[PDB]
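Here's the structure we're looking at; comments come further down.
First the proteins, then the strands, lettered A, B, ... as listed; each starts at 1. Hydrogens, waters and symmetry mates play no part in the numbers below; they use all other heavy atoms, side chains included.
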Amino acid sequence: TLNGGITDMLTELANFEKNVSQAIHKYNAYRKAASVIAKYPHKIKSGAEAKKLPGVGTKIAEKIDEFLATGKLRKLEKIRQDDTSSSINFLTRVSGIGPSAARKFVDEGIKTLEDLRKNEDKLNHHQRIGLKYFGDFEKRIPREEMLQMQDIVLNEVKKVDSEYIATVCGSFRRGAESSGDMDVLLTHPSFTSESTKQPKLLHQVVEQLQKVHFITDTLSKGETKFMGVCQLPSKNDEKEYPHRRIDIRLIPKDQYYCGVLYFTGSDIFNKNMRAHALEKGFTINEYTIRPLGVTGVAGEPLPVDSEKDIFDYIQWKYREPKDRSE
DNA sequence: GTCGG
DNA sequence: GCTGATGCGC
DNA sequence: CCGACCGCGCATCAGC
Ligand SMILES: C[C@H](P(=O)(O)O)P(=O)(O)OP(=O)(O)OC[C@H]1O[C@@H](n2cnc3c(=O)[nH]c(N)nc32)C[C@@H]1O
Ligand SMILES: [Cl-]
Ligand SMILES: [Cl-]
Ligand SMILES: [Cl-]
Ligand SMILES: [Cl-]
Ligand SMILES: [Mg+2]
Ligand code: NA
Ligand code: NA
Ligand code: NA
Ligand code: NA
């Protein structure tokens with residue numbers, strides 16, 4: 001919040017480029033600048049001062065000068081007045097509706113919450129659950145609630161098979177005082193990069209969580225990734241809790257560290273780390289860290305026994321989860 | 001939109 | 001049915 | 001300049 005105005009402006013620009021212009025690289029360019037500036041420990045006094053930071057070039061520096069000078073950006077003011085851009089930006093806020101679907105709906109004259117509701121027929125499953133919980137998915141989750149959710153998930157998982165290990169990642173593992181959703185990394189000894197000795201390992205867990213009425217809806221579901229909705233149970237006479245988004249990722253047990261590194265994030269941290277990896281001649285995914293041959297082709301997985309080993313490989317000092325919120 | 005070679 | 005591309009979201 | 005921009009699971013489609 002030290003340079004809140006500037007980062008907000010940058011985030012709005014990033015969203016515009018992503019949702020309206022469908023220019024993902026500009027989207028990421030703006031996000032990185034925002035990230036770098038949110039981390040800067042000084043109140044920015046000029047675009048020149050900001051341009052010193054990596055990721056902030058001439059264009060953004062110019063915008064920062066205008067913002068500091070007037071408290072706003074003409075480019076944005078105009079975008080806000082544009083109906084198409086506004087409608088497209090809004091629709092993309094529905095889980096399941098991306099830039100393409102948003103622009104398509106706007107072409108059909110579907111541009112509002114009211115319109116989406118009376119046109120459910122034109123939505124796929126995911127988009128339909130997204131509209132249903134539009135309001136709720138906008139709400140933040142207090143860490144105190146995340147703690148109750150963690151308690152239920154781990155205990156329910158324990159009831160299915162004592163050997164399951166459920167770990168809450170995302171911003172929660174990064175120590176956030178509030179989270180946008182719940183991310184759960186799951187492992188079982190029967191599922192390794194070597195073999196799958198038991199089927200339905202994820203399904204059994206999802207089923208058990210639906211049985212106790214914790215998971216209420218399913219956005220998408222596969223053998224290793226579940227994306228859906230959950231809700232804490234409420235007491236007698238009390239308003240029930242908002243529905244929350246929940247992601248569950250089943251990863252080979254022997255690949256836990258690369259998995260927990262990935263799922264802990266942040267997303268920008270992961271992008272920065274994976275890019276650095278490349279520069280160092282390594283490629284990193286949620287399963288392994290592999291070296292890049294002279295040709296540039298991924299080699300065999302390198303041994304990993306902790307998150308720090310991954311950091312060591314790329315010559316980065318270890319950063320605790322709480323310091324990976326970029 | 002920003003960067004490094 | 002399949003495979004491969006595209007959208008979406010993590 | 002100008003090529004690079006992280007890497008992937010699931011849903012849905014086109015084309016066979
Ligand atoms: C602050 C967010 P919340 O609290 O509001 O939920 P969060 O939990 O941090 O992010 P979530 O969107 O929940 O995704 C979970 C993780 O997935 C990883 N992740 C997400 N997007 C990406 C991506 O584009 N790339 C990679 N490599 N990892 C990603 C890193 C993320 O941490
Ligand atoms: Cl782009
Ligand atoms: Cl503005
Ligand atoms: Cl690992
Ligand atoms: Cl791999
Ligand atoms: Mg999260
Ligand atoms: Na810079
Ligand atoms: Na969306
Ligand atoms: Na979110
Ligand atoms: Na998530």
If you only use heavy atoms from C-beta on, which nucleotide in [options] is closest to the side chain of [X]?
X        : options              : answer
A:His25  : C:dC8, D:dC10, B:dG1 : B:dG1
A:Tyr30  : D:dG7, C:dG7, B:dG1  : B:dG1
A:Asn285 : D:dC10, B:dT2, D:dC8 : D:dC8
A:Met227 : C:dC8, B:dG1, C:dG9  : C:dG9
A:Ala101 : D:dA11, C:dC8, B:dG1 : C:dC8
A:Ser220 : B:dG1, D:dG7, D:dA11 : D:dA11
A:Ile60  : D:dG7, B:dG1, D:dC10 : B:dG1

Aromatic plane relationship, A:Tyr40 with A:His42 - under 30° parallel, 30 to 60° tilted, over 60° perpendicular: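 Perpendicular: the ring planes of A:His42 and A:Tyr40 meet at over 60°.
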Ring geometry between A:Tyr164 and A:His188 (parallel below 30°, tilted from 30 to 60°, perpendicular above 60°):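 It falls in the perpendicular class, over 60°.
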Considering every strand and a 4.0 Å limit on heavy-atom distances, what is the contact class for [X]: base, sugar-phosphate, or nothing?
X        : value
A:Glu223 : sugar-phosphate
A:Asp267 : nothing
A:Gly265 : nothing
A:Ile97  : sugar-phosphate
A:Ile284 : sugar-phosphate
A:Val94  : sugar-phosphate
A:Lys59  : sugar-phosphate
A:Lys221 : sugar-phosphate

Furanose pucker, B:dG1, classified by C1'-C2'-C3'-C4':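 Negative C1'-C2'-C3'-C4' torsion, south pucker.
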Rounded to the nearest Å, what distance is computed from the [atom1] atom of residue [X] to the [atom2] atom of nucleotide [N]?
X        : N     : atom1 : atom2 : result
A:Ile310 : D:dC6 : CD1   : P     : 18 Å
A:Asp181 : C:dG9 : CG    : P     : 13 Å
A:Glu286 : D:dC6 : CD    : P     : 14 Å
A:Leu53  : B:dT2 : CG    : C1'   : 13 Å
A:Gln22  : B:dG1 : CD    : P     : 17 Å
A:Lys32  : D:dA4 : NZ    : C1'   : 10 Å
A:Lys51  : B:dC3 : NZ    : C1'   : 10 Å
A:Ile24  : B:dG1 : CD1   : P     : 15 Å

Charged N to carboxylate O under 4.0 angstrom, [X] versus [Y]?
X        : Y        : value
A:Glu108 : A:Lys104 : yes
A:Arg80  : A:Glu77  : yes
A:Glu286 : A:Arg249 : yes

A:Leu116-A:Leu219 co-clustered via ILVMFWY side chain contacts under 4.5 Å: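 Unlinked, A:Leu116 and A:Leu219 end up in two clusters.
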Inter-nucleotide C1' distance (B:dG1, D:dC8), Å rounded: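 Looking at atom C1' only, B:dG1 and D:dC8 are 25 Å apart.
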Using a cut-off of less than 4.0 Å, is there contact between a side-chain N or O of [X] and OP1 or OP2 of [N]?
X        : N     : value
A:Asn28  : D:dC5 : no
A:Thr58  : B:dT2 : no
A:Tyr27  : B:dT2 : no
A:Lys26  : B:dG1 : yes
A:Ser100 : C:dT6 : no

4.5 Å side-chain heavy-atom contact, A:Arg31 and A:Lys18: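 No, their side chains stay 4.5 Å or more apart.
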Nearest-nucleotide comparison on DNA chain D, the residue closer to the 5′ end among A:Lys271 and A:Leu219: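 Between the two, 5'-proximity favours A:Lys271.
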